[PDB]
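Asker: my complex, first installment, coordinates as in the assembly:
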Amino acid sequence: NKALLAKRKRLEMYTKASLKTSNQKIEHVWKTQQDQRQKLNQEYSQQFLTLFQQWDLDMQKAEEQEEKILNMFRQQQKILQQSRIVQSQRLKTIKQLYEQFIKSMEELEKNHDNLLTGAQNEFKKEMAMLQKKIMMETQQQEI
């Protein structure tokens, strides 16, 4: 009976050990599956993170280049506006110079008119004197 109980205890210990091992092997299958699902998620998350980081950097570069264009345009828009302003001033200058030219010609005409009248009056006196000389030197004297 001591032998009987020793045999029973031996079989019970072996059963306990066998169940423990068989269950642990199944537990390792769950852990493997879980490891592989997490590994797959980590691999794709790294790839998505790389894409999102590259996209964010490209948007930062695009913002930087917009700033460069705005500055370039600001400068060129000022030069273009000034070149139009100068042309409008040029038109005003030519119109004013033309009016000045016409006015100078009118002032000169008035001066010339008065000088010509004086010269014409002298010419008339000279011609009258010439005819008076001819008349007096040819005319028959009174008897």
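Answerer: Perfect, I can see it now. Numbers count the residues shown, from 1 in each chain, chains lettered A, B, ... in the order given.
Asker: CA atoms for contacts and neighbours, from now on please.
Answerer: OK.
Asker: tally of neighbours for residue A:80?
Answerer: By other Cα atoms under 10 Å, the residues close to residue A:80 number 10.
Asker: hang on, I meant residue A:77
Answerer: Counted with other Cα under 10 Å, the neighbours of residue A:77 add up to 12.
Asker: mind listing the helices in chain A by residue range?
Answerer: Per DSSP state H, chain A carries helices over the ranges A:2-138.
Asker: from residue A:94, how far off is the residue nearest to the spatial centre of chain A?
Answerer: Taking Cα atoms, centre = their mean, the centroid of chain A lies closest to residue A:73, which sits 2.2 Å from it. Distance of residue A:73 to residue A:94, computed by Cα to Cα, to the nearest Å: 32 Å.
Asker: dump stretch A:88-102 to CSV, restricted to CA.
Answerer: The C-alpha coordinates for stretch A:88-102 follow below in CSV (Å, rounded to 0.1, in the frame of the first residue of the first chain):
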residue,chain,number,x,y,z
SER,A,88,3.6,109.4,-68.0
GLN,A,89,5.9,112.2,-66.8
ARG,A,90,7.7,112.1,-70.3
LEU,A,91,4.3,112.6,-72.0
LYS,A,92,3.6,115.6,-69.7
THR,A,93,7.1,117.0,-70.4
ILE,A,94,6.7,116.7,-74.2
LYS,A,95,3.2,118.3,-74.1
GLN,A,96,4.5,121.1,-72.0
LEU,A,97,7.6,121.6,-74.2
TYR,A,98,5.3,121.7,-77.3
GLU,A,99,3.1,124.4,-75.7
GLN,A,100,6.2,126.4,-74.7
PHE,A,101,7.5,126.2,-78.3
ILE,A,102,4.2,127.5,-79.8
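Asker: and chain B on top of that:
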Amino acid sequence: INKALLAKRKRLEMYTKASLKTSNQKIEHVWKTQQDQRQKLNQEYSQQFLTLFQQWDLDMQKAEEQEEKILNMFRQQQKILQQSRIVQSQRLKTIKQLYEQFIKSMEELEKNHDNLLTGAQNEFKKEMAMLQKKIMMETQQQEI
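Answerer: Time to bring in chain B:
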């Protein structure tokens, strides 16, 4: 005799006066003609220059209007370029957030599943232990 001589003299003097008056008037008409032609020429060109200046002023008014349209067009194009960048950044944020939500939902599901699996595994262990205990008790030699 002297009355006749003086009448002849008076006649010649009147003719001389009339001739000088006419000859001088003809020269005076040359001055007036020259003056007329110079003024006519100035008036003709002034009218032409005025037409050109008026047309030029209107064309400068149109050129300023069109210059404003093309600069506005560039500024409007910049608005489109800037907006498309802003929308892209929003899109990136939306996709990034949806991806993080997906990963988080999978992690939450894993935690729920872990607890459910532990419970099921414990029941399985009890059933296997019960099965082996049944085999042992039904086969074993009884105490004497």
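Asker: now with chain B: the neighbour count of residue A:77?
Answerer: 15 (other Cα atoms under 10 Å in any protein chain shown).
Asker: do the same with the one 5 residues further on
Answerer: Here the count is done by other Cα under 10 Å, and residue A:82 has 12 residues near it.
Asker: equivalent analysis for residue A:62, please.
Answerer: With other Cα under 10 Å as criterion, residue A:62 counts 14.
Asker: quick one: contacts for it?
Answerer: Shown in contact with residue A:62 (Cα atoms under 8 Å, 6 or more residues apart in numbering or on different chains): residue B:85.
Asker: what residues does chain A put near chain B?
Answerer: Contacts of chain A with chain B, taken as Cα under 8 Å from any Cα of the partner chain, map to A:1, A:4, A:8, A:15, A:19, A:23, A:41, A:52, A:55-56, A:59, A:62-63, A:66, A:77, A:84, A:88, A:91, A:95, A:102, A:124, A:127-128, A:131, A:139-140, A:142-143.
Asker: for the residue in chain A sticking out farthest from the centre, which non-adjacent residue is spatially closest?
Answerer: No residue in chain A sits farther from the centre than residue A:143, which is 110.0 Å out by Cα atoms, centre = their mean. Counting by Cα to Cα, 6 or more residues apart in numbering or on different chains, residue B:2 is the residue found nearest to residue A:143 once chain neighbours are left out, at 6.7 Å.
Asker: same structure, new chain, call it chain C:
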Amino acid sequence: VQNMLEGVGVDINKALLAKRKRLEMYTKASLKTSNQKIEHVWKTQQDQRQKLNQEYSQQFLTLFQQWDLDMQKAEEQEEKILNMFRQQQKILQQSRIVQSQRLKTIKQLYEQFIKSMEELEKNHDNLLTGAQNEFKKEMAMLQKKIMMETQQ
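Answerer: If we add chain C to the chains shown above, we get the following:
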């Protein structure tokens, strides 16, 4: 008497075989059931992971479809910007050609004006010469008349 104990032994071995067969049948059935229950937990978990994937895939598909449509609209906007610019670029280059012509026109009219004044001066020189010569013929005729008539 020994034959009896031996005959008892056969009935013992028959009983032993029957007991073993019964336990083997029960074990087979129990392992099958216990494994099936675990398999169902696995299938449930797998169903819920697939359901989650299907739900997110639908949401990602919506985002990608909306993005594709927005790129089609952006291509439409880009085409209108070009077309409005092409029209405006033509009007602007035409304006600049006209103002170039205006400078040429004014420069030519100015040169024509100066040349006309020079030509008029030359014509006026001939009108004065002609008038002075006519005056010189009239004075000679007048003197001839006075001379001839004062001798009479």
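Asker: and the neighbour count of residue A:77, now that chain C is in?
Answerer: If we define neighbours as other Cα under 10 Å, then residue A:77 has 15 of them.
Asker: what do you get for residue A:137?
Answerer: Neighbourhood size, residue A:137 [other Cα under 10 Å]: 12.
Asker: show me what contacts the residue of chain A found nearest chain C?
Answerer: Relative to chain C, the nearest point of chain A is residue A:139 (5.5 Å; Cα to the nearest Cα). Neighbouring residues of residue A:139 by Cα under 8 Å, 6+ apart: B:9, C:150-151.
Asker: identify, from those, the entry nearest to chain A.
Answerer: Nearest member of the contacts of residue A:139 to chain A, counting by Cα to the nearest Cα, is residue C:150, at 5.5 Å.
Asker: which positions in chain A make contact with chain C?
Answerer: A:131, A:134-135, A:138-140.
Asker: just the buried residues of those.
Answerer: Buried members of these, scored by 16 or more other Cα atoms under 10 Å in any protein chain shown, are A:131, A:135, A:139.
Asker: quick one, phi psi at the last one?
Answerer: For residue A:139, the backbone dihedrals (degrees, to the nearest 10) come out as phi -60, psi 140.
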